[PDB]
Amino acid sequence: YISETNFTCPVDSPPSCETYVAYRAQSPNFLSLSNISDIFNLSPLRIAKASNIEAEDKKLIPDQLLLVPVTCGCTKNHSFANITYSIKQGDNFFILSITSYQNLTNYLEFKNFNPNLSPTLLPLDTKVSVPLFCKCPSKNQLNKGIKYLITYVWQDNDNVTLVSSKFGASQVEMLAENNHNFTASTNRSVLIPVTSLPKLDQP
């Protein structure tokens, strides 16, 4: 569980909020909003309206950035988004972590979220609980403009200026929530504190 960002719950705030998760359209199997919505249990309209997308049915581009609505809850001082998912042929907790859910979750947390189920083999159409990293804003963050801490998987050769510009987030606010140089969080989930849902650049 190497990730230089603490997803621990808030002491100041409520323990159950509504926030967003940053998803990237993926190469073979995740180029439509309907396909991405199938693993988050919601309509592709909500994803389109959150990602600031005009055409809901418009095919997506690899590494196109989306925003997925999510309900963040606190479980054992740690906060996750409990998401139900039906097992398909060839699925396992590990592969789901690094492909379908693109490193917005751990195999370890995925496993601990389903302690009585098996990670490697599991029958078809059996439902599992995918835990996605998220966090509710501290009351000190709620005092200022901050209303969402958006979960974002730090990509390779990303930087603070680039990320904060896409989301319209304050860098100092961003680094206060993470407190690291982002030198060891590649393909790991970090937090973008925004004041409002950003208008993304879309084709």
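The first residue of the sequence shown is number 1, and the count goes up from there.
A.B. asks: Return whichever of 119-127 and 100-108 has the greater mean Cα B factor according to the PDB record.
C.D. replies: Comparing averages over the C-alpha atoms only gives 119-127.
A.B. asks: Regarding 60-68 and 137-145, which shows the higher C-alpha temperature factor on average in the entry?
C.D. replies: That would be 137-145.
A.B. asks: Based on the PDB record, which member of 92, 86, 82, 77 exhibits the highest Cα temperature factor?
C.D. replies: Across 92, 86, 82, 77, the entry lists the biggest C-alpha B-factor for 77.
A.B. asks: According to the Cα B-factor stored in this entry, which of the following is highest: 53, 42, 175, 33?
C.D. replies: Comparing C-alpha B-factors across 53, 42, 175, 33, the top value belongs to 175.
A.B. asks: What third of the chain, by the recorded C-alpha B-factor, contains residue 9?
C.D. replies: Its C-alpha B-factor belongs to the highest third of this chain's values.
A.B. asks: For the chain shown, is the CA B-factor of residue 151 in the lowest, middle or highest third of its modelled residues?
C.D. replies: Its C-alpha B-factor belongs to the lowest third of this chain's values.
A.B. asks: By its CA B factor, does residue 190 count among the lowest, middle or highest third of the modelled residues in the chain?
C.D. replies: Its C-alpha B-factor, which the entry lists for residue 190, ranks in the middle third among residues of this chain.
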